[PDB]
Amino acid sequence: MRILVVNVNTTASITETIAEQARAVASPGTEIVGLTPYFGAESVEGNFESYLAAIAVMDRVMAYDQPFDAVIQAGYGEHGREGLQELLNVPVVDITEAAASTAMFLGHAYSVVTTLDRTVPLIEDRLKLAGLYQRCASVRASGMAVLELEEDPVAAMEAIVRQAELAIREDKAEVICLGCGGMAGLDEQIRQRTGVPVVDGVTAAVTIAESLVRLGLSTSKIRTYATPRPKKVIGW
């Protein structure tokens, strides 16, 4: 099977990081194709950029010329999944929902640790809309921008771990979800330092996307995610 794993931002090095983690857990016979959208912001940190990323991501998937069996939207708390679900007749899985959904199998409550504080209400809203927020103890921000993470992995890790500790201690989190695609692969280390399961939405999503394909399941086309009615659309 082939899974498109799409970065929500335009920074190809992040796509590479995401794609490696995805390939790390991918089952034998699963090809991971990491895609970087052709336009949008270099990091997605707010409503405008998130909405921009939605179309950029959709555009990027439509431009893809090879057959594929599922699509992973590798952004945390970003828009666009619903657009993909309409356009596509293969399963679409967002790492946000993948992380929360799998975390929920592991503990009474989960917390998300994300980058900037301004992204938390976006993440909170996505989880609520997804019907995954009931078991969310909290969404906490490390206070470090996405692009800042690879420059001082020690400082980045320290910032993430402190929020995880608070989530666990004050919010009663029992599982931590990585709340950014660029955090991919950091889970084991955070786990080592927090003592709770830590879910990387990227690897979580690969397993879910694979499972859906294996189970012969795809997006329901019956209502909300039916193919768009053919009509005049300018651009696109």
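Just count from 1 along the sequence shown to find any residue number.
Remark: stretch with higher mean C-alpha B factor among 91 to 99 and 154 to 162 is 154 to 162. Averaged over CA atoms, B-factors in the entry run higher in 32 to 40 than in the other of 32 to 40 and 203 to 211. Remark: of 167, 62, 177, 196, 62 shows the highest value [criterion: C-alpha B-factor in the PDB entry]. Residue-level inspection of the entry shows that, of 137, 104, 120, 146, 146 has the top Cα B-factor. Ranked within its chain, residue 4 lands in the lowest third, by CA B factor from the PDB record. In the PDB entry, a CA B factor belonging to the lowest third of its chain's modelled residues is recorded for residue 70. For residue 173, the recorded CA temperature factor ranks within the lowest third of the chain's modelled residues.
Residue 12: CA B factor lies in the highest third for its chain, per the PDB record.
Per the deposited record, the Cα B-factor of residue 126 falls in the middle third when ranked against the other modelled residues of its chain.
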